[PDB]
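The chain below stands alone and is given in structure tokens; this is the form deposited in one PDB entry.
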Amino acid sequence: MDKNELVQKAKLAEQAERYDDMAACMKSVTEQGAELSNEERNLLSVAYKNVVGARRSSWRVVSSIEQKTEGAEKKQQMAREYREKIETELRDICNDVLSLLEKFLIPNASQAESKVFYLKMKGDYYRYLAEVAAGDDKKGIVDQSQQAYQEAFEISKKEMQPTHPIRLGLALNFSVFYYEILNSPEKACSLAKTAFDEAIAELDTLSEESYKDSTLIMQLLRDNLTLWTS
């Protein structure tokens, strides 16, 4: 259909909380090949955050039940088979996002802000794959997440001020990758602490359009820091 008609149905789907419809319309917008506006970019990220977020949330519940039913064969086996059903949905969702990122979003990103946004997004959805990966393929999935974050990180440090919300949000999620995926609390804390401290050393650089997002993300960075130090 028309791009603008796809976008307004995605906005309709969002307010109806029909995030499958929302992702379907933003996936169609992306496949038309043109660079997404900042508004279209946010709509695609919100839609898939919610479609994958439902599976991640259900995965953690079922995985925790699987962990707490050791000694109860029937219940553990049902939880394990259900977890595997949920894992397949989760993997299909992130392969869908990661193929949009590699075919359209990253190669057509003309600005540094957009490159950092999508490289972080690429780091995010490989991290979601790493959350549920096991065996041989986990090492490669973890490396793909780390290298996506690492490239976004280098671009962000060279092109963005420390108070930029996209740079801060990337530092937040990269910090989480180190803690939860790489099981490295020092590196996680040191990344979150440096991002917080570098932002607070140049609060003059805060825009009024961004200051509330930037100050919230700073608070979230220090929340993880204080929880990872306890």
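Shifts are known only where both forms have a C-alpha. The first residue of the shown sequence is 1; numbering continues from there. The term rigid core refers to the most C-alpha atoms you can superpose between the two forms while keeping them within 1.5 Å.
One more form of this protein exists, namely the form deposited in another entry; it is left out here, but the text below deals with it.
**Q.** Option from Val46, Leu182, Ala54, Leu203 moving between the shown form and the other one, CA shift at or above 2 Å, rigid core reference
**A.** Single residue meeting the criterion: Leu203.
Q. Knowing the Cα distance between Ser210 and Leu98 changes 3 Å or more in that other deposited form, does it shrink or grow relative to here?
A. Pair moves farther apart in that other deposited form.
Q) Quick one: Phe196 and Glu208 C-alpha atoms, closer or farther in that other deposited form compared with this form (3 angstroms or more)? A) Closer: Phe196 and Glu208 approach by 3 Å or more in that other deposited form.
Q) Which bits shift between the shown form and the other one if the core is lined up, counting only runs of three or more residues where every C-alpha moves 2 Å or more? A) Once the cores are aligned, run 201-210 is the only one whose C-alphas move by at least 2 Å.
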